[PDB]
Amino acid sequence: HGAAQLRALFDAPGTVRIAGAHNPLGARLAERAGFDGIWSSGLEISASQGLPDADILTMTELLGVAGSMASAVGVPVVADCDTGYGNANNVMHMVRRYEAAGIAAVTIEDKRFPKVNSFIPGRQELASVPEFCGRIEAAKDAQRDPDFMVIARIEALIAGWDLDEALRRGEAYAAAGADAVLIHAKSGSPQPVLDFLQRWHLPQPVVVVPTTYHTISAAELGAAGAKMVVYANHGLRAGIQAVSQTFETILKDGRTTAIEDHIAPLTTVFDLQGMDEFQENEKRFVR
């Protein structure tokens, strides 16, 4: 149901908000909290494996997570697919396997393989516009259901280019068939993204990821012209802080008693596992 659900979110009024996750449990927590969908974060999934976010994990590993989350929740999954895992032929294979796994949208960025993630310091190399437009065209040609979305992510500002270049690239990617564009920035100031949104005059919706420019609200981003806001890695970052503090306290105290009232009870874990339904089906069918 994923791609149909995401199209309905884009076709209805209001700002769409999605949250990063790196396993089915995190996706289920975001769904329960009330997010509209899931972002299958390259950073969260890489970090969960103890590894760089630099196409060190393969498409097989990243798709494995995205697909397991897609089947675990009833909201759409939007996948972070780095640069598309190679050339236009890799992109087509990517689309076929992500679409078949029920992912609603895939996001590819205008860099070359292997991904240099946005937080690497210094000038960064961009893919040429003709080569990246070929990847976008190939993605649209490979998909089977028209509801599936291909999101073209613009790293021009990240890489050291100006807003004119970011808009030139976004307009080319839209012309190549991208269903949405994602303008990225790593400044504290939201102003470069607000400027992009104000100058964007094509019908394709714009996606934003306010990791660094966090002071701007989803409502303000929506009023400025963004359709979807991605909270990409806050679950991971919250988990790291809570788990390291928990482990430190257990070792220092020599027991868990002081943290028992500050962590999830086992009954909450069992609920998140679906144990009520599991036990009912055991009663019905296990003889």
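Start at 1 with the first residue shown and count on from there.
J.: Between 195-203 and 105-113, name whichever shows the higher mean Cα B factor according to the PDB entry.
T.: It is 195-203 that shows the higher mean C-alpha B-factor.
J.: Report the stretch with the higher mean CA temperature factor, choosing between 4-12 and 278-286 on the basis of the entry.
T.: Taking the mean B-factor of the alpha carbons in each, 278-286 is higher.
J.: At the C-alpha atoms, which of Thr58, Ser46, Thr257, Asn233 reaches the highest B-factor in this entry?
T.: Answer for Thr58, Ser46, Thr257, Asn233: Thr257, with the highest C-alpha B-factor.
J.: Which one of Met69, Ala54, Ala218, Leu62 shows the biggest C-alpha B-factor in the PDB entry?
T.: Result of the comparison over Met69, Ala54, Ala218, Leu62: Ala218.
J.: Please rank the C-alpha B-factors of the chain's modelled residues and tell me whether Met94 sits in the lowest, middle or highest third.
T.: Lowest third - that is where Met94 ends up once the chain's C-alpha B-factors are sorted.
J.: Give the position of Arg144 by CA B-factor within its chain, expressed as the lowest, middle or highest third.
T.: Top third by C-alpha B-factor.
J.: Using the B-factors in the PDB entry, rank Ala178's C-alpha atom against the chain and give the third, lowest, middle or highest.
T.: Middle third by C-alpha B-factor.
J.: Considering only modelled residues of the same chain, in which third does the CA B-factor of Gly74 rank: lowest, middle or highest?
T.: Highest third.
J.: Tell me, lowest, middle or highest third: where does the Cα B factor of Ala21 rank within its chain?
T.: For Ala21, whose C-alpha B-factor we compare with every modelled residue in the chain, the answer is the lowest third.
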